[PDB]
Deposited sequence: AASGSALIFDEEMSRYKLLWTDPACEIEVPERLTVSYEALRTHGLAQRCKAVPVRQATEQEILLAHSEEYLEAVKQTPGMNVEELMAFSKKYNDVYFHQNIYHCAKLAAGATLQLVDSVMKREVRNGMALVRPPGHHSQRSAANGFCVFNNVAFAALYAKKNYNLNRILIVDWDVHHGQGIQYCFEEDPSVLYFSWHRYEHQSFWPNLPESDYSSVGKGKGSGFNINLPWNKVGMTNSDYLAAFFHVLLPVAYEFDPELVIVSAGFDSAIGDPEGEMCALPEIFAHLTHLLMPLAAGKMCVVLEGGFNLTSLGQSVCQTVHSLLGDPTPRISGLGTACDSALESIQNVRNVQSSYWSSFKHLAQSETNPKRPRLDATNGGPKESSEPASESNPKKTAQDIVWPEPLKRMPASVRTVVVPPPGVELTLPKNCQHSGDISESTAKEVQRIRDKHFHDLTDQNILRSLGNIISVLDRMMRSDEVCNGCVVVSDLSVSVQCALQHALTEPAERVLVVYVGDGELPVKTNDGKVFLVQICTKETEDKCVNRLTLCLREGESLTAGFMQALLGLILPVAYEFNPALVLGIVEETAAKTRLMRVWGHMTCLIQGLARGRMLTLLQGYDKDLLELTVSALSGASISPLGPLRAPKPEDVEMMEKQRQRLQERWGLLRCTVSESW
């Protein structure tokens, strides 16, 4: 398997700039590139990434997405003086040309293809290209919006031609609409293009009717173009995560892409003079993390916009942090999306429902610790320590006589639970861990009770099994997610899902649609996973997507030793790549059960809302 993350960058792409007065392009400056690199250098992130060199893009690659006449016209700009460059840039909308811009354009394009080759050749797990000029606005025969050539369009066509890829996902989280990318794959069902963008009912640049949710692609492309227009400024983290949980992620895991490419513009972050949104830079660590279980982790992030220097570098670092697998920051203050965001989300799901049936509605440096059974020895990755002090032993005896006739190996089960939790919360040495347990009722109790006194303000508990558990969920510092078989629901602090071939596709619709939005709003300090001894084709995706909560501090208790189950949970806990999936659409009885639970919880947990609220 691949390892590492590529950082493709080169100082040469900062050696072109605007040469005349133009309020439309003043914000696009070479310092966007140098600030982003020094921010990665300061935080020690560039030093941890494999620096792949930048190459030029051959004209045969440039013609994959551009016309000969437009290439021939751009090819002539290096010979123009500034007066001739003014005239040539007036032919296009909101773009300037420099003597060196054709050179850097071929470098930005080449840098993307370099990143594609590195990721597809398994030389790296993922990567980011810090490039200039941007791409997503440029079209087959025109420059547009600071873009000369469509770098991300090249990546997808290049990876189609040179690797026989049939399913590519392009996620454009820049605040502007990537109309060049939409045009280029409009009638193409092999490249799924998702884009949210500041729209304001067409009043915001580039003022295109086809930027609206109505455009779902033409011909057989239909359903493989997803526009999510923001019609008000000031969108927050909850708006962004709602758009992911209820639009992009359901479609993405169903598409099952073989490669994920990101038009990463950070003009969608707080402080940016162009987007005027209010998402904090930490949101991009989660946007990145939620997409890594796709395409076995093969993700190529390409830079687009982002024009506030004092804030651009922070969002770049958060993205690379997640690319390298570092723990994701806790997001606090999440709730329902605002009404306009709920409007667009509700609209885009309706138009797309005729292509993605899950949108239908009824009419109205040690990272992991493994503690296997005694005598068991397994082969663990380089970041798993494989596991008891006397201070811990007195505690197990202290709890022994007060709460538990307990004469048993089991006393070693609880002694490990206490010290793996000690090393996760206090010492900050380990990040997460997994422990195979004998008896649940006692192990669940000691794990949860010792966690609340670590201290853990709030504990999310995910339990896969039937029957009740010794967990009191009244105080509100504990939320319980139980996946069982028998129909069990009461208070608004428990989520029970009583689920055939059906299941794996239903569990995914529930994980992204119900489990993740509640967990993200709950903001736990620790996730506690439990699996009964009594078929988790999805548990790797579950344990990976849930690591966005609680800074990645999760403790799994597996009842009964299963060789390949424990092998999988450790692999996802330690940060390895996750294998994809196919599956059969969920049964109607399960979709009904799922939304009957959204009705019951979305009043308290507003992040579950994917429609505008029914005002009394």
- Item | Segments lacking C-alpha coordinates (deposited sequence numbering, starting at 1) | 365-411, 435-436, 454, 459, 540, 552-553, 589-593, 642
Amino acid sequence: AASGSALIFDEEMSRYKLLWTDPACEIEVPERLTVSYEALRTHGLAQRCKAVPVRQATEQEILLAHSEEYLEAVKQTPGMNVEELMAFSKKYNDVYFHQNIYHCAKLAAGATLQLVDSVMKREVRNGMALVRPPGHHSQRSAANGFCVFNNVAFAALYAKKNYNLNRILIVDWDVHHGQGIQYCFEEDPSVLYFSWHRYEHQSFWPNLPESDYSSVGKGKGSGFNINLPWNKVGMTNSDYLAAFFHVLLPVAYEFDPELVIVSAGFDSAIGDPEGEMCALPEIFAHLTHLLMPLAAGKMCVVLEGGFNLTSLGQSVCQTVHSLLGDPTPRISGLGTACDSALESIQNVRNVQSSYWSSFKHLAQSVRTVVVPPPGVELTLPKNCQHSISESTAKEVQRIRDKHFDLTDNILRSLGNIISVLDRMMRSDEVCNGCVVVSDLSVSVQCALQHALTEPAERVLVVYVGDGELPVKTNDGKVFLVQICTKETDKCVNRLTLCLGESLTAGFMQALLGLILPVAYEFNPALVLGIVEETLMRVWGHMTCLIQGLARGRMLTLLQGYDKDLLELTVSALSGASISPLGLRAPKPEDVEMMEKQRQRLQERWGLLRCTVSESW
From here on, numbers count along this sequence of modelled residues.
- Given the B-factors recorded for C-alpha atoms, which segment has the greater mean, 354-362 or 129-137? 354-362
- Query: So 561-569 or 54-62, which one's hotter by mean CA B-factor in the entry?
  - Reply: 561-569
- For the listed residues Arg41, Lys587, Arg32, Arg48, which one has the largest C-alpha B-factor as given in the deposited model? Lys587
- Hey, out of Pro329, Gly476, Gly178, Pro273, whose CA B-factor is highest in the deposited coordinates? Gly476
- Would you please rank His201 by its C-alpha temperature factor against the other modelled residues of its chain and give the third it falls in: lowest, middle or highest? lowest
- Message: Please say which third, lowest, middle or highest, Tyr193 falls into when its CA temperature factor is compared across its chain.
- Response: lowest
- Comparing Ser67 with the other modelled residues of its chain, is its CA B-factor in the lowest, middle or highest third? lowest
- Message: Going by the CA temperature factor in the PDB record, which third of the chain does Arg167 belong to: lowest, middle or highest?
- Response: middle
- Task: Can you work out whether the C-alpha temperature factor of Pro372 puts it in the lowest, middle or highest third of the chain?
- Result: highest
